[PDB]
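Here the structure is laid out as structure tokens; the discussion comes afterwards.
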Amino acid sequence: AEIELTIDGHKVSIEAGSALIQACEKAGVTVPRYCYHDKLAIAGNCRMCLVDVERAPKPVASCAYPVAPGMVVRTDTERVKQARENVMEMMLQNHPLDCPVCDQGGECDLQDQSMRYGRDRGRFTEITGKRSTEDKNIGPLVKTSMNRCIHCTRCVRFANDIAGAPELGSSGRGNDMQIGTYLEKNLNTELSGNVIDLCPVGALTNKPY
Amino acid sequence: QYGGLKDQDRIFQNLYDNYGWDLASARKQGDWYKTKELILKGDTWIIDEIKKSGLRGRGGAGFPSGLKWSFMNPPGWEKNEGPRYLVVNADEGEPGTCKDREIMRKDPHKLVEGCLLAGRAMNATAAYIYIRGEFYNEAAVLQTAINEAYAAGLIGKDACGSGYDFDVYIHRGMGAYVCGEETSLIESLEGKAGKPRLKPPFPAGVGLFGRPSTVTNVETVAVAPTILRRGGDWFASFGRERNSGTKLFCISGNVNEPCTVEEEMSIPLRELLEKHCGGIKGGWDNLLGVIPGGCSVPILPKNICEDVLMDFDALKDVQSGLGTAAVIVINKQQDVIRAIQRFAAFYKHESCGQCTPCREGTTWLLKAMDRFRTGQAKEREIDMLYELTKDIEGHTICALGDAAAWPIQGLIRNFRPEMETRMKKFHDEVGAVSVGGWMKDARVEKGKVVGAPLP
Amino acid sequence: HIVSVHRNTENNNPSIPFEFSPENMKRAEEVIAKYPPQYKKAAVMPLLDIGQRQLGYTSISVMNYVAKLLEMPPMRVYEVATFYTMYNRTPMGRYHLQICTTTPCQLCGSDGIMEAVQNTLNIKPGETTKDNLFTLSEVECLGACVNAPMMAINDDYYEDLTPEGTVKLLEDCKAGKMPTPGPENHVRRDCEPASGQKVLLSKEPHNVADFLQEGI
Amino acid sequence: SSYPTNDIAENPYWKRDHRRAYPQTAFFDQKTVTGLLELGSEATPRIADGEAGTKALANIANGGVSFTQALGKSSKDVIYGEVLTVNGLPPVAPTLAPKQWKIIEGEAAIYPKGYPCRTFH
Amino acid sequence: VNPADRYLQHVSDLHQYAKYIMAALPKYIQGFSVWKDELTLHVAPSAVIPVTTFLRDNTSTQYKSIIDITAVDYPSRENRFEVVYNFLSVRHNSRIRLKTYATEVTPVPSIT
Amino acid sequence: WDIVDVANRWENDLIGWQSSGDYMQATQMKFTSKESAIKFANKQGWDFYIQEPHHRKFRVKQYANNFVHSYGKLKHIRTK
Amino acid sequence: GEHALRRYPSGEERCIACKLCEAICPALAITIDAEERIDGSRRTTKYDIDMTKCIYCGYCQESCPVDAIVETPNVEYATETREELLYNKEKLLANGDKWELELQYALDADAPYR
Amino acid sequence: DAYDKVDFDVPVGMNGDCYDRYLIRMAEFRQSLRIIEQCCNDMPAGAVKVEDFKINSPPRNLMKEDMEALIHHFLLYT
Ligand SMILES: Cc1cc2nc3c(=O)[nH]c(=O)nc-3n(C[C@H](O)[C@H](O)[C@H](O)COP(=O)(O)O)c2cc1C
Ligand code: SF4
Ligand code: SF4
Ligand code: SF4
Ligand code: SF4
Ligand code: SF4
Ligand code: FES
Ligand code: FES
């Protein structure tokens with residue numbers, strides 16, 4: 001049955017066991033996100049969706065935190081604003097300066113959430129520069145620019161769970177973790193083009209377009 | 001006064017391979033003597049004894065062992081049909097620490113017995129002992145002992161005729177520090193890459209193979225049968241309140257004689273050093289710092305260890321921790337900045353890469369520490385580096401990120417003037433530096449950066 | 001770094017057939033038996049290891065064989081194999097030198113050990129020897145911090161090292177023999193202070209049975 | 001650039017985000033001002049606690065008291081403190097920065113005495 | 001520094017002033033709004049002549065200069081058009097705004 | 001406005017720009033409600049069509065569901 | 001003054017068809033078409049400026065991330081027919097080639113201030 | 001903007017005719033010259049646009065080096 005909690009002072013009633021980001025969406029509160037998507041399994045790897053919960057001592061991932069009766073949630077605290085800036089700072093430090101040549105430009109959630117929740121200027125001026133990534137060929141439909149990848153794993157979750165195409169995955173570890181097929185394989189599925197919509201950034205784009 | 005451990009009060013008697021690890025030798029030690037009666041006693045009694053013991057987690061976090069074990073027994077647990085699992089964490093991996101390797105090599109039968117007893121206390125159907133892959137010979141020793149225990153009906157269908165079934169298996173890790181994290185450990189057991197899960201769900205609810213599981217350190221499990229035999233009050237008699245019992249204290253670094261030994265909690269650091277390790281190389285005057293516990297904890301300056309007790313409470317009050325009780329001393333001849341840079345490199349290498357704050361922040365921390373090592377940085381950047389650690393701390397899926405943030409913070413707090421001196425040395429020596437380590441002659445040429453050192 | 005792309009060579013190529021030897025097979029059956037029947041994909045890490053024992057390294061052919069044997073998609077096995085550093089995805093030599101360079105080893109001369117090894121074998125820490133006999137590696141903590149400057153040879157630890165001692169160790173390696181299974185020139189029995197035991201100086205250990213809880 | 005805006009180590013953007021700390025436009029219809037007259041204000045209350053205050057707020061928020069009955073009921077103290085000034089006078093149309101004019105005459109003037117153009121400072 | 005802060009006391013003054021006006025012409029003033037230094041009165045069209053007369057001729061207001069009149073189209077409202085008047089008092093160095101509404105067929109009283 | 005076939009867009013023969021004869025082609029009105037929009041359209045004598053919006057159906061999502069124990073053969077390997 | 005499209009010292013065009021100039025243009029004077037070049041580069045296939053719509057505000061030159069579209073100091077390009085004032089890409093590239101040296105003086109003097 | 005920081009006088013007529021207005025404009029010439037001189041003497045150092053890149057575009061050397069600056073520039077111009 002539905003339980004009841006409060007978000008930013010408002011009262012919201014939601015089915016028991018639903019994720020906190022679902023209750024936030026129901027109560028009309030906007031929460032930034034990258035890896036969460038309504039049609040994919042919850043991942044919780046981007047860390048953009050942090051909120052404060054009075055029982056929780058540190059901010060929690062909204063997308064993966066189950067709601068409980070009497071929960072009190074604040075999406076607007078100074079700690080939450082600080083965390084959003086911190087996460088965006090870490091996300092942009094290796095992201096390539098590609099917006100003029102990137103097809104995502106102008107309809108990009110990274111651009112928009114940088115504008116809405118991030119710092120106005122960066123602090124990263126390291127002389128060893130940024131990480132670069134090899135590009136990967138997965139057929140004539142989906143062009144890849146993998147410097148842009150922010151490792152949200154939406155493409156992998158869609159390709160595995162929804163389309164049933166397990167050739168896609170993440171190889172390596174740490175800074176060198178790469179989305180791909182680990183060897184030259186097409187992303188072979190009649191549903192493949194959907195990953196272009198799912199990729200929040202210009203990492204996977206429409207090649208004919 | 002705290003710390004005099006007497007040999008009769010010693011738990012891990014084969015620590016120096018003075019009595020053997022054969023099952024007969026462990027029998028001489030008394031292992032497997034009352035195991036029938038310990039099983040026959042109610043799980044409630046084992047849990048309540050472990051609670052009365054004061055034992056707390058030995059993998060580095062020091063949660064109450066009894067309560068953590070109790071969580072696998074909710075009121076209606078039996079109604080959830082299926083296997084229940086005990087997982088034993090022997091991933092070591094924390095640089096500085098060697099205790100579990102000694103426990104696996106010298107007293108394996110004690111570990112096997114601890115798995116049986118804990119599994120009873122948790123109503124577990126089977127155990128899995130997760131072992132780091134570089135401990136190949138340790139794995140061979142532990143297997144051999146487990147085969148012995150299987151042979152003698154100590155571990156199997158009717159564990160000493162208990163009517164309680166237990167199976168014990170070894171699973172080997174293959175080179176990942178993060179797999180010491182309990183949820184990463186479970187994911188690696190299941191046949192995936194060792195990326196940790198978010199909590200909730202907690203392992204007691206949903207764990208290994210989606211079943212109720214509990215992940216525990218090998219020293220908290222290995223001491224358990226001795227604890228049960230000798231009584232909770234006795235184990236409580238050693239160490240102060242809430243830090244009670246006796247821990248292994250591996251000591252490494254710049255001491256005259258490195259060692260591995262067991263001692264009462266709440267022992268002074270000065271006394272521990274002087275009496276076990278022959279003391280700091282050069283004398284207490286020649287001590288820069290000590291890291292109490294492995295690389296993940298903030299380093300102690302010279303004048304706090306003169307008064308500090310090897311507990312959780314005392315170390316936390318001075319803003320560090322016990323961790324795995326892996327002491328590392330650094331004398332005045334070594335560079336603390338180089339050591340912290342090496343720790344930053346370790347954390348950059350051991351990040352699983354799942355979550356952005358860790359996956360990117362560890363790399364940024366390594367770049368900054370490479371520049372601070374040579375002095376190619378501006379002084380205000382120290383403050384920026386401090387703020388950088390706060391980007392990672394408290395924002396990550398698992399606690400590797402907090403571990404990566406902490407040593408830097410200890411370094412800044414305790415040795416800022418060291419870094420300022422190195423910066424002066426660079427500025428006089430090489431030239432004037434901009435933020436990020438740029439200098440007036442540095443620019444991009446035909447694919448590279450030229451005009452600058454490039455740390 | 002970590003190499004996370006495979007490129008087909010003639011020696012590392014999917015077409016190359018890899019089958020387990022019968023003894024390795026029977027072992028693989030036994031290893032699979034330890035996990036629930038539905039969750040036998042949880043044997044991928046041991047099975048891959050067995051493959052890397054039979055053949056020199058974890059090749060793509062081995063990855064695909066293990067993937068077929070556990071009915072997994074090969075990308076799941078690729079993820080596992082590239083995640084864990086103890087899987088060697090490039091072929092190596094007979095002797096794998098692994099120098100721990102983490103801070104406890106560094107504070108005690110791991111840099112000197114590295115210089116000795118690099119001088120004897122000109123190769124860099126990632127490179128393998130021209131005669132395909134030695135392969136170096138810098139590594140993180142191996143769990144032997146008491147044994148201050150330690151090292152690994154293919155499976156075995158060698159501790160309390162010295163530059164000249166390491167030259168002699170590499171020489172004995174290169175001739176074919178093995179000087180000592182023991183970790184070092186016998187200065188200690190693997191964990192005690194160099195001045196000898198300060199505790200546990202009793203000829204026989206105290207049985208725990210003289211202390212019992214009065215409630216058994 | 002200016003300090004502290006250019007600092008690399010102590011300025012979160014949200015502490016100087018003045019666009020997002022913009023003042024809300026305050027709208028007052030006659031029901032709200034009725035409530036201000038009857039119940040007093042957050043600054044100086046004239047409300048009872050418990051259910052009494054919430055029910056008073058509700059019944060003004062529903063239409064029970066009109067603005068004109070509100071004004072007639074209002075006492076001398078309310079009318080003088082909170083509608084007029086403490087002296088009973090109306091408030092004057094307010095000015096943000098009052099300007100005191102002065103007339104410059106003599107040699108410092110722009111034109112001499114004859115011209116029909118004076119100098120105001 | 002937040003630029004809005006310098007207005008705070010003035011904002012209070014405007015509130016007080018608006019209260020007086022609404023208490024003096026409760027037949028006419030539907031409402032008022034206050035943003036930093038701008039005070040708006042909201043009235044029905046039939047209220048325009050009296051209120052304007054008041055604003056022009058009362059001793060505490062004295063809004064002698066008409067600055068502008070315009071309309072704003074709000075197609076969602078039943079009355080499309082809001083008519084906006086801005087007035088200046090050189091006597092008191094003060095500005096004020098007055099709003100009413102209209103449609104494509106219902107006129108407003110001219111203030112010529 | 002719906003497009004008119006003849007007047008919508010054609011290629012200019014001089015420079016290649018897109019010409020148009022439909023003066024409404026770029027106009028879009030915004031309304032705060034469907035009812036306000038219908039009222040305005042009726043008041044202007046405009047023939048209209050209402051396209052009712054579609055919304056995402058709600059379902060319960062749980063992170064823990066990624067790890068539920070399987071009693072029989074796994075239907076797929078979840079990877080994360 | 002009159003617009004030009006610039007090159008890199010190699011001779012490659014600087015414009016990569018981001019279309020920021022087209023978006024910012026207050027007079028909607030710029031019309032752009034692009035696709036992938038046979039070598040894989042992102043490049044324009046059409047770049048038009050209606051000089052009789054342009055207001056010579058310089059916003060395109062401010063917006064460009066690669067200094068591709070610029071205004072020269074040239075004012076002496078009056079024409080006898082209006083058709084001559086619809087600049088296509090060839091005309092603009094030729095203007096860049098023609099005026100590059102004066103453009104370099106202007107950039108060397110004002111680049112630090114942008 | 002800075003009119004509170006400079007010193008100038010205001011000319012006022014009395015006849016409300018074209019000649020008074022001419023005299024006013026001629027005096028305003030002089031007062032503007034006064035203010036221009038004060039600005040030439042008191043021009044301070046620092047930025048000339050608001051230092052928030054969500055409002056005004058960042059400088060070009062940041063735009064071509066820093067990721068946040070490039071994003072903000074792209075968004076402000078599109
Ligand atoms: C990066 C990381 C590595 C860890 N490695 C180990 C380990 O090697 N051995 C261990 O016992 N606990 C390790 N832990 C902590 C355990 O996951 C867990 O918190 C607990 O300490 C184990 O059970 P315990 O209460 O008996 O100590 C690690 C934690 C983190 C965040
Ligand atoms: S993905 Fe977004 S932020 Fe990254 S280059 Fe493309 S448009 Fe810019
Ligand atoms: S390619 Fe796109 S969808 Fe896939 S992980 Fe990277 S950012 Fe996410
Ligand atoms: S904190 Fe680091 S190790 Fe832990 S889950 Fe995140 S990326 Fe992986
Ligand atoms: S100068 Fe201004 S009007 Fe002319 S093309 Fe450039 S942006 Fe458009
Ligand atoms: S001229 Fe510059 S701004 Fe215009 S499309 Fe080309 S690169 Fe983009
Ligand atoms: S959306 Fe919640 S962590 Fe990514
Ligand atoms: S640092 Fe070398 S084994 Fe621990």
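Here's how to read the names in the structure tokens: chain A, B, ... by the order shown, residue numbers from 1 in each chain, ligand numbers from 1 in the order shown.
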Pull out every residue of chain A sitting within 9 Å of chain F, counting only C-alpha atoms, and send them as a tab-separated table (two decimals) with C-alpha atoms, in the first residue's frame.
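Output file selection.tsv is given in full below:
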chain	number	residue	atom	x	y	z
A	15	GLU	CA	3.64	3.07	-3.14
A	16	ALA	CA	5.84	1.35	-0.57
A	17	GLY	CA	9.33	0.37	-1.68
A	18	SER	CA	9.55	2.90	-4.51
A	19	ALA	CA	12.81	4.77	-4.96
A	22	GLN	CA	10.28	8.45	-7.90
A	38	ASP	CA	12.73	5.21	-15.81
A	41	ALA	CA	17.63	-0.99	-13.81
A	42	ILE	CA	18.84	1.36	-11.08
A	43	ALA	CA	22.61	1.88	-11.13
A	44	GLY	CA	23.59	4.68	-8.75
A	63	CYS	CA	17.69	6.94	-7.35
A	64	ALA	CA	18.55	3.91	-5.20
A	65	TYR	CA	17.27	4.81	-1.73
A	66	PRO	CA	13.94	3.17	-0.81
A	153	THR	CA	26.22	2.51	-18.11
A	156	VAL	CA	25.08	-1.43	-21.31
A	157	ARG	CA	21.90	-1.83	-19.24
A	160	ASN	CA	21.78	-6.37	-21.95
A	161	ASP	CA	18.41	-6.18	-20.21
A	164	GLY	CA	19.14	-8.89	-25.21
A	166	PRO	CA	25.17	-8.91	-24.34
A	169	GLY	CA	29.97	-4.11	-21.69
A	170	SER	CA	32.68	-2.34	-19.71
Residue neighbourhood stretch 36-45 of chain H, 9 Å, only C-alpha atoms, exclusion window fewer than 3 positions, as a short mmCIF file (atom, residue, chain, number, x, y, z; two decimals) with N, CA and C atoms, in the first residue's frame:
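Once written, out-v6.cif looks like this:
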data_model
loop_
_atom_site.label_atom_id
_atom_site.label_comp_id
_atom_site.auth_asym_id
_atom_site.auth_seq_id
_atom_site.Cartn_x
_atom_site.Cartn_y
_atom_site.Cartn_z
N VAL H 6 30.63 61.02 -8.72
CA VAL H 6 31.21 62.13 -9.44
C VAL H 6 30.46 63.41 -9.08
N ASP H 7 31.13 64.53 -9.28
CA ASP H 7 30.64 65.84 -8.86
C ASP H 7 30.22 66.65 -10.08
N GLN H 31 28.98 70.45 -17.85
CA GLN H 31 28.92 69.47 -16.77
C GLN H 31 29.38 68.09 -17.24
N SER H 32 29.03 67.72 -18.48
CA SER H 32 29.53 66.46 -19.03
C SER H 32 31.05 66.47 -19.17
N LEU H 33 31.62 67.60 -19.60
CA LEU H 33 33.08 67.71 -19.65
C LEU H 33 33.70 67.50 -18.27
N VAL H 48 35.38 44.46 -16.13
CA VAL H 48 34.45 45.40 -16.74
C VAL H 48 33.08 44.79 -16.99
#
(request) Give the residue list for ligand 8 at 12 Å, counting only C-alpha atoms and all ligand atoms, as a ChimeraX atom specification, sorted by chain and then by residue number. (result) /B:92-99,101,134-135,250-253,294-295,326-328,339,342-343,346 /C:98-111,113,138-152,157-161
Neighbours of ligand 1 within 7 Å, counting only C-alpha atoms and all ligand atoms, as a PDB file with N, CA, C and O atoms, in the first residue's frame?
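The result, written out as result23.pdb:
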ATOM      1  N   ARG B  56      34.981  -6.507  18.351  1.00  0.00           N
ATOM      2  CA  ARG B  56      34.518  -5.631  17.291  1.00  0.00           C
ATOM      3  C   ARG B  56      35.344  -5.886  16.042  1.00  0.00           C
ATOM      4  O   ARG B  56      36.481  -6.359  16.116  1.00  0.00           O
ATOM      5  N   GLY B  57      34.745  -5.574  14.895  1.00  0.00           N
ATOM      6  CA  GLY B  57      35.300  -5.873  13.589  1.00  0.00           C
ATOM      7  C   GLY B  57      36.784  -5.621  13.432  1.00  0.00           C
ATOM      8  O   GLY B  57      37.304  -4.586  13.857  1.00  0.00           O
ATOM      9  N   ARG B  58      37.473  -6.572  12.812  1.00  0.00           N
ATOM     10  CA  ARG B  58      38.918  -6.524  12.680  1.00  0.00           C
ATOM     11  C   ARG B  58      39.383  -6.169  11.278  1.00  0.00           C
ATOM     12  O   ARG B  58      40.567  -5.868  11.097  1.00  0.00           O
ATOM     13  N   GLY B  59      38.487  -6.184  10.292  1.00  0.00           N
ATOM     14  CA  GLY B  59      38.840  -5.778   8.947  1.00  0.00           C
ATOM     15  C   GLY B  59      39.132  -4.302   8.794  1.00  0.00           C
ATOM     16  O   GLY B  59      39.601  -3.894   7.727  1.00  0.00           O
ATOM     17  N   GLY B  60      38.859  -3.496   9.822  1.00  0.00           N
ATOM     18  CA  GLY B  60      39.244  -2.100   9.809  1.00  0.00           C
ATOM     19  C   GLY B  60      38.210  -1.120  10.326  1.00  0.00           C
ATOM     20  O   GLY B  60      38.542   0.034  10.600  1.00  0.00           O
ATOM     21  N   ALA B  61      36.959  -1.559  10.479  1.00  0.00           N
ATOM     22  CA  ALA B  61      35.870  -0.662  10.837  1.00  0.00           C
ATOM     23  C   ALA B  61      35.363  -0.824  12.262  1.00  0.00           C
ATOM     24  O   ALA B  61      34.686   0.079  12.759  1.00  0.00           O
ATOM     25  N   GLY B  62      35.651  -1.946  12.916  1.00  0.00           N
ATOM     26  CA  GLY B  62      35.371  -2.105  14.335  1.00  0.00           C
ATOM     27  C   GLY B  62      33.917  -2.030  14.744  1.00  0.00           C
ATOM     28  O   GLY B  62      33.621  -1.566  15.849  1.00  0.00           O
ATOM     29  N   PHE B  63      32.999  -2.471  13.890  1.00  0.00           N
ATOM     30  CA  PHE B  63      31.615  -2.643  14.305  1.00  0.00           C
ATOM     31  C   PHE B  63      31.521  -3.791  15.313  1.00  0.00           C
ATOM     32  O   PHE B  63      32.315  -4.731  15.260  1.00  0.00           O
ATOM     33  N   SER B  65      30.965  -7.157  16.667  1.00  0.00           N
ATOM     34  CA  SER B  65      30.856  -8.445  15.988  1.00  0.00           C
ATOM     35  C   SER B  65      29.553  -9.152  16.331  1.00  0.00           C
ATOM     36  O   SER B  65      28.888  -9.707  15.447  1.00  0.00           O
ATOM     37  N   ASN B  89      36.540 -12.881   4.953  1.00  0.00           N
ATOM     38  CA  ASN B  89      37.373 -11.910   4.192  1.00  0.00           C
ATOM     39  C   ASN B  89      38.862 -12.089   4.456  1.00  0.00           C
ATOM     40  O   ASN B  89      39.353 -11.516   5.429  1.00  0.00           O
ATOM     41  N   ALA B  90      39.552 -12.810   3.583  1.00  0.00           N
ATOM     42  CA  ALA B  90      41.027 -12.901   3.692  1.00  0.00           C
ATOM     43  C   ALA B  90      41.640 -12.256   2.446  1.00  0.00           C
ATOM     44  O   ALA B  90      42.428 -12.912   1.758  1.00  0.00           O
ATOM     45  N   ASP B  91      41.257 -11.013   2.158  1.00  0.00           N
ATOM     46  CA  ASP B  91      41.758 -10.330   0.945  1.00  0.00           C
ATOM     47  C   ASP B  91      43.003  -9.518   1.313  1.00  0.00           C
ATOM     48  O   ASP B  91      43.643  -9.022   0.376  1.00  0.00           O
ATOM     49  N   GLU B  92      43.345  -9.420   2.603  1.00  0.00           N
ATOM     50  CA  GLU B  92      44.475  -8.566   3.056  1.00  0.00           C
ATOM     51  C   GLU B  92      44.496  -7.283   2.221  1.00  0.00           C
ATOM     52  O   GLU B  92      43.672  -6.422   2.496  1.00  0.00           O
ATOM     53  N   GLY B  93      45.418  -7.130   1.277  1.00  0.00           N
ATOM     54  CA  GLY B  93      45.397  -5.965   0.357  1.00  0.00           C
ATOM     55  C   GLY B  93      45.674  -4.606   0.994  1.00  0.00           C
ATOM     56  O   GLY B  93      46.364  -3.823   0.346  1.00  0.00           O
ATOM     57  N   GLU B  94      45.129  -4.298   2.175  1.00  0.00           N
ATOM     58  CA  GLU B  94      45.479  -3.016   2.857  1.00  0.00           C
ATOM     59  C   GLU B  94      47.013  -2.869   2.996  1.00  0.00           C
ATOM     60  O   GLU B  94      47.567  -3.603   3.817  1.00  0.00           O
ATOM     61  N   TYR B 177      42.379  -4.938  -4.777  1.00  0.00           N
ATOM     62  CA  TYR B 177      42.230  -4.435  -3.416  1.00  0.00           C
ATOM     63  C   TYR B 177      40.776  -4.141  -3.067  1.00  0.00           C
ATOM     64  O   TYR B 177      40.344  -4.398  -1.936  1.00  0.00           O
ATOM     65  N   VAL B 178      40.001  -3.626  -4.026  1.00  0.00           N
ATOM     66  CA  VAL B 178      38.612  -3.281  -3.752  1.00  0.00           C
ATOM     67  C   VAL B 178      37.807  -4.495  -3.319  1.00  0.00           C
ATOM     68  O   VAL B 178      36.798  -4.348  -2.623  1.00  0.00           O
ATOM     69  N   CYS B 179      38.239  -5.698  -3.683  1.00  0.00           N
ATOM     70  CA  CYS B 179      37.486  -6.885  -3.310  1.00  0.00           C
ATOM     71  C   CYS B 179      37.528  -7.153  -1.815  1.00  0.00           C
ATOM     72  O   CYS B 179      36.796  -8.023  -1.342  1.00  0.00           O
ATOM     73  N   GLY B 180      38.357  -6.430  -1.061  1.00  0.00           N
ATOM     74  CA  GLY B 180      38.233  -6.479   0.381  1.00  0.00           C
ATOM     75  C   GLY B 180      36.969  -5.814   0.890  1.00  0.00           C
ATOM     76  O   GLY B 180      36.503  -6.124   1.987  1.00  0.00           O
ATOM     77  N   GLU B 181      36.410  -4.888   0.116  1.00  0.00           N
ATOM     78  CA  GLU B 181      35.126  -4.300   0.471  1.00  0.00           C
ATOM     79  C   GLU B 181      34.032  -5.358   0.361  1.00  0.00           C
ATOM     80  O   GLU B 181      33.936  -6.057  -0.650  1.00  0.00           O
ATOM     81  N   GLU B 182      33.201  -5.463   1.401  1.00  0.00           N
ATOM     82  CA  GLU B 182      32.381  -6.661   1.576  1.00  0.00           C
ATOM     83  C   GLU B 182      31.446  -6.883   0.393  1.00  0.00           C
ATOM     84  O   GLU B 182      31.269  -8.018  -0.072  1.00  0.00           O
ATOM     85  N   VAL B 215      29.592 -10.961   5.957  1.00  0.00           N
ATOM     86  CA  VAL B 215      30.995 -10.903   5.565  1.00  0.00           C
ATOM     87  C   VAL B 215      31.805 -10.471   6.775  1.00  0.00           C
ATOM     88  O   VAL B 215      31.505  -9.445   7.394  1.00  0.00           O
ATOM     89  N   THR B 216      32.828 -11.251   7.118  1.00  0.00           N
ATOM     90  CA  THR B 216      33.610 -10.984   8.317  1.00  0.00           C
ATOM     91  C   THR B 216      35.093 -11.215   8.067  1.00  0.00           C
ATOM     92  O   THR B 216      35.485 -11.999   7.200  1.00  0.00           O
ATOM     93  N   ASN B 217      35.902 -10.510   8.853  1.00  0.00           N
ATOM     94  CA  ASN B 217      37.351 -10.604   8.829  1.00  0.00           C
ATOM     95  C   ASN B 217      37.806 -11.949   9.398  1.00  0.00           C
ATOM     96  O   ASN B 217      37.071 -12.621  10.124  1.00  0.00           O
ATOM     97  N   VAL B 218      39.024 -12.364   9.038  1.00  0.00           N
ATOM     98  CA  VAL B 218      39.471 -13.678   9.493  1.00  0.00           C
ATOM     99  C   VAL B 218      39.920 -13.642  10.946  1.00  0.00           C
ATOM    100  O   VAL B 218      39.893 -14.670  11.623  1.00  0.00           O
ATOM    101  N   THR B 220      38.592 -11.754  13.462  1.00  0.00           N
ATOM    102  CA  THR B 220      37.409 -11.757  14.320  1.00  0.00           C
ATOM    103  C   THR B 220      36.765 -13.138  14.360  1.00  0.00           C
ATOM    104  O   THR B 220      36.183 -13.532  15.375  1.00  0.00           O
ATOM    105  N   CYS B 398      31.255   3.320  -2.169  1.00  0.00           N
ATOM    106  CA  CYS B 398      31.920   2.566  -1.114  1.00  0.00           C
ATOM    107  C   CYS B 398      32.996   3.428  -0.472  1.00  0.00           C
ATOM    108  O   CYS B 398      33.247   4.560  -0.889  1.00  0.00           O
ATOM    109  N   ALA B 399      33.647   2.874   0.548  1.00  0.00           N
ATOM    110  CA  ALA B 399      34.546   3.629   1.405  1.00  0.00           C
ATOM    111  C   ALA B 399      35.983   3.665   0.905  1.00  0.00           C
ATOM    112  O   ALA B 399      36.851   4.182   1.614  1.00  0.00           O
ATOM    113  N   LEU B 400      36.262   3.123  -0.279  1.00  0.00           N
ATOM    114  CA  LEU B 400      37.574   3.335  -0.878  1.00  0.00           C
ATOM    115  C   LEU B 400      37.819   4.816  -1.135  1.00  0.00           C
ATOM    116  O   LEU B 400      38.946   5.296  -0.995  1.00  0.00           O
TER     117      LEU B 400
END
(request) Return as a PyMOL selection string the residues of protein, DNA or RNA that approach ligand 6 to within 10 Å, with only C-alpha atoms and all ligand atoms taken into account. (result) (chain A and resi 100-101) or (chain G and resi 4-6+13-25+30-34+42-44+47+59-70) or (chain H and resi 74+77)
(message) Residues of chain D were defined as contacting chain A if any atom lay at most 8 Å from it, counting only C-alpha atoms; please report them as number ranges by chain.
(response) D: 8, 12-14
File of the preceding selection, N, CA, C and O atoms, as a short mmCIF file (atom, residue, chain, number, x, y, z; two decimals), in the first residue's frame:
data_model
loop_
_atom_site.label_atom_id
_atom_site.label_comp_id
_atom_site.auth_asym_id
_atom_site.auth_seq_id
_atom_site.Cartn_x
_atom_site.Cartn_y
_atom_site.Cartn_z
N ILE D 8 40.87 30.23 -5.99
CA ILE D 8 40.78 28.84 -6.40
C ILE D 8 40.39 27.92 -5.26
O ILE D 8 40.33 26.70 -5.45
N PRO D 12 32.65 28.58 -3.23
CA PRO D 12 31.61 27.82 -3.94
C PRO D 12 30.75 28.78 -4.74
O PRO D 12 30.49 29.91 -4.31
N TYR D 13 30.31 28.33 -5.92
CA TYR D 13 29.49 29.21 -6.75
C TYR D 13 28.17 29.56 -6.07
O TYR D 13 27.68 30.68 -6.23
N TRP D 14 27.59 28.63 -5.30
CA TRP D 14 26.27 28.89 -4.74
C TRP D 14 26.28 29.94 -3.64
O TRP D 14 25.22 30.45 -3.30
#
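Checking A:29, A:46, A:23, A:165 one by one against ligand 4, counting only C-alpha atoms and all ligand atoms, you find the shortest gap at A:46.
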(message) For ligand 2, return the neighbouring residues as number ranges by chain (distance at most 6 Å; only C-alpha atoms and all ligand atoms).
(response) A: 97-99, 102, 104-105, 108, 110-111, 148, 201-202
(message) Residues of chain H classed as helix (DSSP H, G or I) by DSSP on the backbone are to be reported as a VMD selection string.
(response) chain H and resid 3 to 5 18 to 42 60 to 63 67 to 77
